[PDB]
file query24.pdb (PDB, C-alpha atoms)
ATOM      1  CA  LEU A   1      13.523   6.997  14.161  1.00  0.00           C
ATOM      2  CA  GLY A   2      12.859   9.262  11.218  1.00  0.00           C
ATOM      3  CA  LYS A   3      13.041   7.236   8.015  1.00  0.00           C
ATOM      4  CA  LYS A   4      15.454   9.009   5.747  1.00  0.00           C
ATOM      5  CA  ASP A   5      16.109   5.857   3.823  1.00  0.00           C
ATOM      6  CA  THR A   6      14.206   6.266   0.623  1.00  0.00           C
ATOM      7  CA  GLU A   7      14.337   2.499  -0.096  1.00  0.00           C
ATOM      8  CA  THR A   8      12.547   1.711   3.153  1.00  0.00           C
ATOM      9  CA  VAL A   9       9.865   4.160   2.077  1.00  0.00           C
ATOM     10  CA  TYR A  10       9.349   2.406  -1.221  1.00  0.00           C
ATOM     11  CA  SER A  11       9.407  -0.830   0.722  1.00  0.00           C
ATOM     12  CA  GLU A  12       6.475   0.328   2.825  1.00  0.00           C
ATOM     13  CA  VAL A  13       4.886   1.578  -0.401  1.00  0.00           C
ATOM     14  CA  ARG A  14       5.350  -1.973  -1.726  1.00  0.00           C
ATOM     15  CA  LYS A  15       2.765  -3.045   0.880  1.00  0.00           C
ATOM     16  CA  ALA A  16       0.480  -0.184  -0.184  1.00  0.00           C
ATOM     17  CA  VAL A  17       0.593  -1.126  -3.908  1.00  0.00           C
ATOM     18  CA  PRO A  18      -1.339  -4.483  -3.525  1.00  0.00           C
ATOM     19  CA  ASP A  19      -3.417  -2.822  -0.780  1.00  0.00           C
ATOM     20  CA  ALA A  20      -4.848  -0.389  -3.315  1.00  0.00           C
ATOM     21  CA  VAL A  21      -5.630  -3.050  -5.897  1.00  0.00           C
ATOM     22  CA  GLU A  22      -7.209  -5.457  -3.406  1.00  0.00           C
ATOM     23  CA  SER A  23      -9.483  -2.637  -2.215  1.00  0.00           C
ATOM     24  CA  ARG A  24     -10.433  -2.050  -5.892  1.00  0.00           C
ATOM     25  CA  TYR A  25     -11.662  -5.637  -6.041  1.00  0.00           C
ATOM     26  CA  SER A  26     -13.354  -4.814  -2.762  1.00  0.00           C
ATOM     27  CA  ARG A  27     -12.574  -8.294  -1.500  1.00  0.00           C
ATOM     28  CA  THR A  28     -12.386  -6.695   1.876  1.00  0.00           C
ATOM     29  CA  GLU A  29     -15.586  -6.098   3.804  1.00  0.00           C
ATOM     30  CA  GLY A  30     -16.580  -2.466   3.652  1.00  0.00           C
ATOM     31  CA  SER A  31     -13.062  -1.430   2.580  1.00  0.00           C
ATOM     32  CA  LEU A  32     -11.865   2.079   3.312  1.00  0.00           C
ATOM     33  CA  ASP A  33     -11.014   3.939   0.096  1.00  0.00           C
ATOM     34  CA  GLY A  34      -8.590   2.534  -2.412  1.00  0.00           C
ATOM     35  CA  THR A  35      -9.714   4.508  -5.385  1.00  0.00           C
TER      36      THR A  35
END

call {"tool": "encode", "arguments": {"input": "query24.pdb", "output": "structure tokens"}}
result
Amino acid sequence: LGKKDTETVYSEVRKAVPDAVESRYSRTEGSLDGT
């Protein structure tokens, strides 16, 4: 649609926050780049 709702953006960022830390633990195989 466009996403002008700033809250929704931080909501999707809320999924990215743990994503970054979990990649730091490198619990994921190979990982991508969370540093």

call {"tool": "residues_around", "arguments": {"input": "query24.pdb", "residues": "stretch 12-20 of chain A", "least_positions_apart": "4", "cutoff": "9 Å", "atoms": "all atoms listed in the file", "output": "PDB file with C-alpha atoms, in the frame of the given file"}}
result
ATOM      1  CA  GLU A   7      14.337   2.499  -0.096  1.00  0.00           C
ATOM      2  CA  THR A   8      12.547   1.711   3.153  1.00  0.00           C
ATOM      3  CA  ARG A  24     -10.433  -2.050  -5.892  1.00  0.00           C
ATOM      4  CA  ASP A  33     -11.014   3.939   0.096  1.00  0.00           C
ATOM      5  CA  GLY A  34      -8.590   2.534  -2.412  1.00  0.00           C
ATOM      6  CA  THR A  35      -9.714   4.508  -5.385  1.00  0.00           C
TER       7      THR A  35
END

call {"tool": "atom_distance", "arguments": {"input": "query24.pdb", "atom1": "atom CA of residue A:1", "atom2": "atom CA of residue A:32"}}
result
28.0 Å

call {"tool": "axis_aligned_box", "arguments": {"input": "query24.pdb", "around": "stretch 13-30 of chain A", "padding_each_side": "3 Å", "output": "JSON"}}
result
{"center_x": -5.6, "center_y": -3.4, "center_z": -1.1, "size_x": 27.9, "size_y": 15.9, "size_z": 15.8}
